[PDB]
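Structure file query_0.pdb (PDB, C-alpha atoms and all ligand atoms) follows.
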```pdb
MODEL        1
ATOM      1  CA  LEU D   1    -103.756   2.670 141.287  1.00  0.00           C
ATOM      2  CA  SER D   2    -102.545   5.607 139.198  1.00  0.00           C
ATOM      3  CA  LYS D   3    -101.145   4.872 135.733  1.00  0.00           C
ATOM      4  CA  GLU D   4     -98.714   7.764 136.145  1.00  0.00           C
ATOM      5  CA  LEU D   5     -96.297   5.666 138.194  1.00  0.00           C
ATOM      6  CA  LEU D   6     -96.648   2.660 135.842  1.00  0.00           C
ATOM      7  CA  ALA D   7     -94.606   4.887 133.570  1.00  0.00           C
ATOM      8  CA  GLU D   8     -91.681   4.865 136.021  1.00  0.00           C
ATOM      9  CA  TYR D   9     -92.470   1.139 136.135  1.00  0.00           C
ATOM     10  CA  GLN D  10     -92.243   0.147 132.473  1.00  0.00           C
ATOM     11  CA  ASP D  11     -88.561   0.930 132.912  1.00  0.00           C
ATOM     12  CA  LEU D  12     -87.125  -1.418 135.596  1.00  0.00           C
ATOM     13  CA  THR D  13     -85.359  -1.227 138.965  1.00  0.00           C
ATOM     14  CA  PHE D  14     -86.589  -3.963 141.315  1.00  0.00           C
ATOM     15  CA  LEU D  15     -84.582  -6.285 139.052  1.00  0.00           C
ATOM     16  CA  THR D  16     -80.792  -6.550 138.755  1.00  0.00           C
ATOM     17  CA  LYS D  17     -78.214  -8.911 137.273  1.00  0.00           C
ATOM     18  CA  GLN D  18     -77.797 -10.429 140.729  1.00  0.00           C
ATOM     19  CA  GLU D  19     -81.529 -11.113 141.124  1.00  0.00           C
ATOM     20  CA  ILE D  20     -81.789 -12.882 137.771  1.00  0.00           C
ATOM     21  CA  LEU D  21     -78.386 -14.575 137.686  1.00  0.00           C
ATOM     22  CA  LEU D  22     -78.938 -16.382 140.982  1.00  0.00           C
ATOM     23  CA  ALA D  23     -82.512 -17.195 139.981  1.00  0.00           C
ATOM     24  CA  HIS D  24     -81.163 -18.715 136.777  1.00  0.00           C
ATOM     25  CA  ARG D  25     -78.809 -20.785 138.912  1.00  0.00           C
ATOM     26  CA  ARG D  26     -81.353 -22.893 140.788  1.00  0.00           C
ATOM     27  CA  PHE D  27     -83.797 -22.705 137.882  1.00  0.00           C
ATOM     28  CA  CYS D  28     -81.125 -23.864 135.438  1.00  0.00           C
ATOM     29  CA  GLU D  29     -80.739 -26.953 137.618  1.00  0.00           C
ATOM     30  CA  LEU D  30     -84.493 -27.463 137.837  1.00  0.00           C
ATOM     31  CA  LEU D  31     -84.751 -27.911 134.082  1.00  0.00           C
ATOM     32  CA  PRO D  32     -83.344 -31.106 132.431  1.00  0.00           C
ATOM     33  CA  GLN D  33     -79.641 -31.305 131.580  1.00  0.00           C
ATOM     34  CA  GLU D  34     -80.397 -30.417 127.948  1.00  0.00           C
ATOM     35  CA  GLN D  35     -81.520 -27.076 129.387  1.00  0.00           C
ATOM     36  CA  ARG D  36     -78.340 -26.109 131.234  1.00  0.00           C
ATOM     37  CA  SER D  37     -78.387 -23.187 128.790  1.00  0.00           C
ATOM     38  CA  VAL D  38     -81.097 -20.791 129.941  1.00  0.00           C
ATOM     39  CA  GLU D  39     -80.188 -18.703 126.900  1.00  0.00           C
ATOM     40  CA  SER D  40     -81.936 -21.033 124.457  1.00  0.00           C
ATOM     41  CA  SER D  41     -84.729 -22.074 126.815  1.00  0.00           C
ATOM     42  CA  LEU D  42     -85.429 -18.362 127.252  1.00  0.00           C
ATOM     43  CA  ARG D  43     -87.368 -18.451 123.983  1.00  0.00           C
ATOM     44  CA  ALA D  44     -89.086 -21.632 125.151  1.00  0.00           C
ATOM     45  CA  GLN D  45     -92.018 -21.625 127.577  1.00  0.00           C
ATOM     46  CA  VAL D  46     -92.320 -23.422 130.918  1.00  0.00           C
ATOM     47  CA  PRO D  47     -95.396 -25.726 131.415  1.00  0.00           C
ATOM     48  CA  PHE D  48     -97.385 -25.488 134.649  1.00  0.00           C
ATOM     49  CA  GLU D  49     -96.308 -28.955 135.804  1.00  0.00           C
ATOM     50  CA  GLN D  50     -92.850 -27.508 136.413  1.00  0.00           C
ATOM     51  CA  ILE D  51     -94.347 -24.571 138.310  1.00  0.00           C
ATOM     52  CA  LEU D  52     -96.543 -26.633 140.612  1.00  0.00           C
ATOM     53  CA  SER D  53     -93.182 -27.945 141.774  1.00  0.00           C
ATOM     54  CA  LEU D  54     -91.830 -24.520 142.725  1.00  0.00           C
ATOM     55  CA  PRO D  55     -92.483 -24.073 146.536  1.00  0.00           C
ATOM     56  CA  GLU D  56     -92.259 -20.281 146.215  1.00  0.00           C
ATOM     57  CA  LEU D  57     -95.523 -20.629 144.281  1.00  0.00           C
ATOM     58  CA  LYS D  58     -97.012 -23.709 145.938  1.00  0.00           C
ATOM     59  CA  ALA D  59     -97.367 -21.700 149.137  1.00  0.00           C
ATOM     60  CA  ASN D  60     -99.506 -19.134 147.293  1.00  0.00           C
ATOM     61  CA  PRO D  61    -102.993 -20.544 146.343  1.00  0.00           C
ATOM     62  CA  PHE D  62    -102.532 -18.305 143.279  1.00  0.00           C
ATOM     63  CA  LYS D  63    -100.204 -20.784 141.600  1.00  0.00           C
ATOM     64  CA  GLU D  64    -101.904 -20.444 138.212  1.00  0.00           C
ATOM     65  CA  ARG D  65    -103.215 -16.945 138.926  1.00  0.00           C
ATOM     66  CA  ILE D  66     -99.574 -16.010 139.543  1.00  0.00           C
ATOM     67  CA  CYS D  67     -98.030 -17.149 136.271  1.00  0.00           C
ATOM     68  CA  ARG D  68    -101.092 -15.901 134.411  1.00  0.00           C
ATOM     69  CA  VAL D  69    -100.814 -12.382 135.824  1.00  0.00           C
ATOM     70  CA  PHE D  70     -97.022 -12.405 135.470  1.00  0.00           C
ATOM     71  CA  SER D  71     -97.332 -14.065 132.065  1.00  0.00           C
ATOM     72  CA  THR D  72     -96.607 -11.432 129.416  1.00  0.00           C
ATOM     73  CA  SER D  73     -97.892 -13.781 126.701  1.00  0.00           C
ATOM     74  CA  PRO D  74    -101.033 -13.512 124.495  1.00  0.00           C
ATOM     75  CA  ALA D  75    -102.388 -16.871 125.668  1.00  0.00           C
ATOM     76  CA  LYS D  76    -101.636 -15.861 129.262  1.00  0.00           C
ATOM     77  CA  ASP D  77    -101.523 -19.579 130.076  1.00  0.00           C
ATOM     78  CA  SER D  78     -97.785 -20.257 130.308  1.00  0.00           C
ATOM     79  CA  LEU D  79     -94.776 -19.207 132.392  1.00  0.00           C
ATOM     80  CA  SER D  80     -91.941 -17.720 130.335  1.00  0.00           C
ATOM     81  CA  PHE D  81     -88.473 -16.946 131.679  1.00  0.00           C
ATOM     82  CA  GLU D  82     -88.718 -13.153 131.391  1.00  0.00           C
ATOM     83  CA  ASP D  83     -92.037 -13.403 133.219  1.00  0.00           C
ATOM     84  CA  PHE D  84     -90.435 -15.611 135.859  1.00  0.00           C
ATOM     85  CA  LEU D  85     -87.885 -12.886 136.579  1.00  0.00           C
ATOM     86  CA  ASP D  86     -90.650 -10.394 137.295  1.00  0.00           C
ATOM     87  CA  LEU D  87     -92.298 -13.101 139.397  1.00  0.00           C
ATOM     88  CA  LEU D  88     -89.920 -13.902 142.262  1.00  0.00           C
ATOM     89  CA  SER D  89     -88.849 -10.277 141.946  1.00  0.00           C
ATOM     90  CA  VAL D  90     -92.173  -8.631 142.800  1.00  0.00           C
ATOM     91  CA  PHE D  91     -93.175 -11.718 144.771  1.00  0.00           C
ATOM     92  CA  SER D  92     -92.024  -9.935 147.925  1.00  0.00           C
ATOM     93  CA  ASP D  93     -93.790  -7.108 149.767  1.00  0.00           C
ATOM     94  CA  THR D  94     -91.186  -4.541 148.730  1.00  0.00           C
ATOM     95  CA  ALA D  95     -93.288  -3.405 145.776  1.00  0.00           C
ATOM     96  CA  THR D  96     -94.876  -0.032 146.523  1.00  0.00           C
ATOM     97  CA  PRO D  97     -98.695   0.164 146.960  1.00  0.00           C
ATOM     98  CA  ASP D  98     -99.074   1.362 143.368  1.00  0.00           C
ATOM     99  CA  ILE D  99     -97.110  -1.610 142.045  1.00  0.00           C
ATOM    100  CA  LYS D 100     -98.603  -3.932 144.656  1.00  0.00           C
ATOM    101  CA  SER D 101    -102.037  -3.086 143.290  1.00  0.00           C
ATOM    102  CA  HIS D 102    -101.328  -3.512 139.570  1.00  0.00           C
ATOM    103  CA  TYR D 103    -100.403  -7.129 140.271  1.00  0.00           C
ATOM    104  CA  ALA D 104    -103.253  -7.452 142.771  1.00  0.00           C
ATOM    105  CA  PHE D 105    -106.057  -6.134 140.555  1.00  0.00           C
ATOM    106  CA  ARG D 106    -105.034  -8.442 137.715  1.00  0.00           C
ATOM    107  CA  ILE D 107    -105.159 -11.238 140.301  1.00  0.00           C
ATOM    108  CA  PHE D 108    -108.839 -10.504 140.933  1.00  0.00           C
ATOM    109  CA  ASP D 109    -109.759  -9.343 137.434  1.00  0.00           C
ATOM    110  CA  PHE D 110    -109.650 -12.755 135.774  1.00  0.00           C
ATOM    111  CA  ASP D 111    -111.455 -11.309 132.761  1.00  0.00           C
ATOM    112  CA  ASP D 112    -108.526  -8.906 132.415  1.00  0.00           C
ATOM    113  CA  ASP D 113    -111.020  -6.260 131.296  1.00  0.00           C
ATOM    114  CA  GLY D 114    -110.371  -3.478 133.818  1.00  0.00           C
ATOM    115  CA  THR D 115    -113.496  -3.526 136.004  1.00  0.00           C
ATOM    116  CA  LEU D 116    -115.127  -6.031 138.368  1.00  0.00           C
ATOM    117  CA  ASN D 117    -118.881  -6.590 138.407  1.00  0.00           C
ATOM    118  CA  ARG D 118    -120.934  -7.760 141.380  1.00  0.00           C
ATOM    119  CA  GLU D 119    -119.720 -11.358 141.263  1.00  0.00           C
ATOM    120  CA  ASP D 120    -116.175 -10.337 140.376  1.00  0.00           C
ATOM    121  CA  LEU D 121    -116.096  -7.732 143.146  1.00  0.00           C
ATOM    122  CA  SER D 122    -117.426 -10.244 145.655  1.00  0.00           C
ATOM    123  CA  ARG D 123    -114.339 -12.327 144.923  1.00  0.00           C
ATOM    124  CA  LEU D 124    -112.113  -9.359 145.714  1.00  0.00           C
ATOM    125  CA  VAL D 125    -113.864  -8.594 148.998  1.00  0.00           C
ATOM    126  CA  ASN D 126    -113.786 -12.252 150.025  1.00  0.00           C
ATOM    127  CA  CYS D 127    -110.149 -12.752 149.038  1.00  0.00           C
ATOM    128  CA  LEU D 128    -109.048 -10.082 151.502  1.00  0.00           C
ATOM    129  CA  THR D 129    -111.629 -11.217 154.058  1.00  0.00           C
ATOM    130  CA  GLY D 130    -109.995 -14.659 154.070  1.00  0.00           C
ATOM    131  CA  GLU D 131    -110.255 -17.534 151.606  1.00  0.00           C
ATOM    132  CA  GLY D 132    -112.106 -20.648 152.819  1.00  0.00           C
ATOM    133  CA  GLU D 133    -112.915 -19.185 156.232  1.00  0.00           C
ATOM    134  CA  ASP D 134    -115.884 -18.515 158.509  1.00  0.00           C
ATOM    135  CA  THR D 135    -114.821 -14.872 158.745  1.00  0.00           C
ATOM    136  CA  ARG D 136    -117.753 -12.572 157.858  1.00  0.00           C
ATOM    137  CA  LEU D 137    -118.623 -14.484 154.710  1.00  0.00           C
ATOM    138  CA  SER D 138    -120.145 -12.811 151.670  1.00  0.00           C
ATOM    139  CA  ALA D 139    -123.077 -10.571 152.575  1.00  0.00           C
ATOM    140  CA  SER D 140    -124.870  -7.346 151.676  1.00  0.00           C
ATOM    141  CA  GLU D 141    -121.860  -5.594 153.195  1.00  0.00           C
ATOM    142  CA  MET D 142    -120.631  -5.570 149.599  1.00  0.00           C
ATOM    143  CA  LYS D 143    -123.643  -3.953 147.945  1.00  0.00           C
ATOM    144  CA  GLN D 144    -123.837  -1.289 150.651  1.00  0.00           C
ATOM    145  CA  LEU D 145    -120.094  -0.732 150.426  1.00  0.00           C
ATOM    146  CA  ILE D 146    -119.940  -0.264 146.656  1.00  0.00           C
ATOM    147  CA  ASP D 147    -123.129   1.784 146.905  1.00  0.00           C
ATOM    148  CA  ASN D 148    -122.005   4.673 149.136  1.00  0.00           C
ATOM    149  CA  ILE D 149    -118.778   4.848 147.130  1.00  0.00           C
ATOM    150  CA  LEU D 150    -120.660   5.360 143.884  1.00  0.00           C
ATOM    151  CA  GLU D 151    -122.460   8.251 145.585  1.00  0.00           C
ATOM    152  CA  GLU D 152    -119.025   9.512 146.611  1.00  0.00           C
ATOM    153  CA  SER D 153    -117.963  10.762 143.190  1.00  0.00           C
ATOM    154  CA  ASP D 154    -119.201   8.334 140.518  1.00  0.00           C
ATOM    155  CA  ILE D 155    -121.327   9.661 137.654  1.00  0.00           C
ATOM    156  CA  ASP D 156    -120.692   6.811 135.214  1.00  0.00           C
ATOM    157  CA  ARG D 157    -122.831   4.477 137.316  1.00  0.00           C
ATOM    158  CA  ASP D 158    -121.361   1.614 135.292  1.00  0.00           C
ATOM    159  CA  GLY D 159    -122.509  -0.657 138.126  1.00  0.00           C
ATOM    160  CA  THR D 160    -118.963  -1.905 138.730  1.00  0.00           C
ATOM    161  CA  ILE D 161    -115.552  -0.818 140.056  1.00  0.00           C
ATOM    162  CA  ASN D 162    -112.883   0.908 137.962  1.00  0.00           C
ATOM    163  CA  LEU D 163    -110.289   3.553 138.886  1.00  0.00           C
ATOM    164  CA  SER D 164    -112.191   5.794 141.304  1.00  0.00           C
ATOM    165  CA  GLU D 165    -114.071   2.924 142.940  1.00  0.00           C
ATOM    166  CA  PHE D 166    -110.493   1.759 143.721  1.00  0.00           C
ATOM    167  CA  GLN D 167    -109.187   4.728 145.661  1.00  0.00           C
ATOM    168  CA  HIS D 168    -112.269   4.336 147.862  1.00  0.00           C
ATOM    169  CA  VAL D 169    -112.915   0.587 148.081  1.00  0.00           C
ATOM    170  CA  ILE D 170    -109.327   0.379 149.352  1.00  0.00           C
ATOM    171  CA  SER D 171    -109.169   3.649 151.311  1.00  0.00           C
ATOM    172  CA  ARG D 172    -112.648   2.839 152.650  1.00  0.00           C
ATOM    173  CA  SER D 173    -111.844  -0.478 154.349  1.00  0.00           C
ATOM    174  CA  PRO D 174    -108.818  -0.039 156.674  1.00  0.00           C
ATOM    175  CA  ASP D 175    -109.535  -3.410 158.284  1.00  0.00           C
ATOM    176  CA  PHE D 176    -109.228  -5.026 154.860  1.00  0.00           C
ATOM    177  CA  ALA D 177    -105.885  -3.255 154.483  1.00  0.00           C
ATOM    178  CA  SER D 178    -104.182  -5.886 156.633  1.00  0.00           C
ATOM    179  CA  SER D 179    -105.272  -8.629 154.244  1.00  0.00           C
ATOM    180  CA  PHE D 180    -104.403  -6.502 151.214  1.00  0.00           C
ATOM    181  CA  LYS D 181    -100.937  -6.210 152.738  1.00  0.00           C
ATOM    182  CA  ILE D 182     -99.446  -9.326 151.113  1.00  0.00           C
ATOM    183  CA  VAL D 183    -101.728 -10.899 148.494  1.00  0.00           C
ATOM    184  CA  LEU D 184    -100.079 -12.756 145.604  1.00  0.00           C
TER     185      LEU D 184
HETATM  186 CA    CA D 201    -114.019  -8.496 135.484  1.00  0.00          CA
HETATM  187 CA    CA D 202    -117.693   3.032 138.727  1.00  0.00          CA
ENDMDL
END
```

Output the file's structure as structure tokens, nothing else.
Ligand SMILES: [Ca+2]
Ligand SMILES: [Ca+2]
Amino acid sequence: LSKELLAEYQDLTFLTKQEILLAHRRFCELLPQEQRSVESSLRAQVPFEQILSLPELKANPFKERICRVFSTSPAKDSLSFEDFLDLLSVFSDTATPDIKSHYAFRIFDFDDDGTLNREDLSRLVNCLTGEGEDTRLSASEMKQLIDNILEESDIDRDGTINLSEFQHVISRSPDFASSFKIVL
């Protein structure tokens, strides 16, 4: 995940007046009558209770992990309108790998630090492997995997994954690519 693109990202393209307008249509109806005006509610936040009702999010076990990652707030514990727009927008698989990752990483990096330790990494490997499944559960396959990589071109030996350990961990597990296809 190169930060170079992110630049061309900060701007905006995968979002248009048609994408938001329509979204505001159904959403405007979802909120009480005293909310018919999404203009005022825009400044207001949207509790989780209302989200757990949205099917587009109920289907993704990352209900909370979705709003949190898409939540551009300091508390990162609420779903704001603006954030919502970027939600259903990048909720599809149209986002390019670079963009697809940014959202992905944050999904795994709960700490929101920038690197995943042994336990954190395990979560990433498992996620792709298949949540609640008998599929090759957690094993040494992780330690050995991260190991070789480090010997690939890592001198920091931080003992975790960062930027480099990303171009490999991903480009080192083609089979896991299928799972990393659509993960939100
Ligand atoms: Ca972490
Ligand atoms: Ca590293």

Any idea what the distance is between atom CA of residue 79 of chain D and atom CA of residue 48 of chain D?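 Those two atoms sit 7.2 Å apart.
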
Collect all residues with atoms no farther than 10 Å from ligand CA 201 (chain D), counting all atoms listed in the file, and output them as an mmCIF file with C-alpha atoms, in the coordinates of the input.
```
data_model
loop_
_atom_site.group_PDB
_atom_site.id
_atom_site.type_symbol
_atom_site.label_atom_id
_atom_site.label_comp_id
_atom_site.auth_asym_id
_atom_site.auth_seq_id
_atom_site.Cartn_x
_atom_site.Cartn_y
_atom_site.Cartn_z
ATOM 1 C CA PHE D 105 -106.057 -6.134 140.555
ATOM 2 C CA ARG D 106 -105.034 -8.442 137.715
ATOM 3 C CA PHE D 108 -108.839 -10.504 140.933
ATOM 4 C CA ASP D 109 -109.759 -9.343 137.434
ATOM 5 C CA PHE D 110 -109.650 -12.755 135.774
ATOM 6 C CA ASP D 111 -111.455 -11.309 132.761
ATOM 7 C CA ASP D 112 -108.526 -8.906 132.415
ATOM 8 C CA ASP D 113 -111.020 -6.260 131.296
ATOM 9 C CA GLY D 114 -110.371 -3.478 133.818
ATOM 10 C CA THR D 115 -113.496 -3.526 136.004
ATOM 11 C CA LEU D 116 -115.127 -6.031 138.368
ATOM 12 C CA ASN D 117 -118.881 -6.590 138.407
ATOM 13 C CA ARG D 118 -120.934 -7.760 141.380
ATOM 14 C CA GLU D 119 -119.720 -11.358 141.263
ATOM 15 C CA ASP D 120 -116.175 -10.337 140.376
ATOM 16 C CA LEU D 121 -116.096 -7.732 143.146
ATOM 17 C CA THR D 160 -118.963 -1.905 138.730
ATOM 18 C CA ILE D 161 -115.552 -0.818 140.056
ATOM 19 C CA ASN D 162 -112.883 0.908 137.962
#
```

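Selection by the PyMOL selection byres (((not hetatm)) within 9 of (chain D and resi 202)) on the present file picks out residues 115, 146, 149, 150, 153, 154, 155, 156, 157, 158, 159, 160, 161, 162, 163, 164, 165 and 166 of chain D.
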
If we count all atoms listed in the file and set the cut-off at 12 Å, which residues sit around segment 28-41 of chain D, ignoring sequence neighbours fewer than 5 positions away in its own chain? Please answer as a PyMOL selection string. chain D and resi 20-23+46-47+49-51+53-54+79-82

Selection to disk with C-alpha atoms, as an mmCIF file, keeping the file's coordinate frame:
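Everything below was put into selection.cif:
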```cif
data_model
loop_
_atom_site.group_PDB
_atom_site.id
_atom_site.type_symbol
_atom_site.label_atom_id
_atom_site.label_comp_id
_atom_site.auth_asym_id
_atom_site.auth_seq_id
_atom_site.Cartn_x
_atom_site.Cartn_y
_atom_site.Cartn_z
ATOM 1 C CA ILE D 20 -81.789 -12.882 137.771
ATOM 2 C CA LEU D 21 -78.386 -14.575 137.686
ATOM 3 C CA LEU D 22 -78.938 -16.382 140.982
ATOM 4 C CA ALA D 23 -82.512 -17.195 139.981
ATOM 5 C CA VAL D 46 -92.320 -23.422 130.918
ATOM 6 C CA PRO D 47 -95.396 -25.726 131.415
ATOM 7 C CA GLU D 49 -96.308 -28.955 135.804
ATOM 8 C CA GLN D 50 -92.850 -27.508 136.413
ATOM 9 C CA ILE D 51 -94.347 -24.571 138.310
ATOM 10 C CA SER D 53 -93.182 -27.945 141.774
ATOM 11 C CA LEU D 54 -91.830 -24.520 142.725
ATOM 12 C CA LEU D 79 -94.776 -19.207 132.392
ATOM 13 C CA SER D 80 -91.941 -17.720 130.335
ATOM 14 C CA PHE D 81 -88.473 -16.946 131.679
ATOM 15 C CA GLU D 82 -88.718 -13.153 131.391
#
```

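Nearest residue to residue 59 of chain D, choosing from D:122, D:91, D:43, D:76 and counting all atoms listed in the file: D:91.
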
Considering only C-alpha atoms, state which residue in the set D:60, D:78, D:66, D:86 is at the smallest distance from residue 12 of chain D. D:86
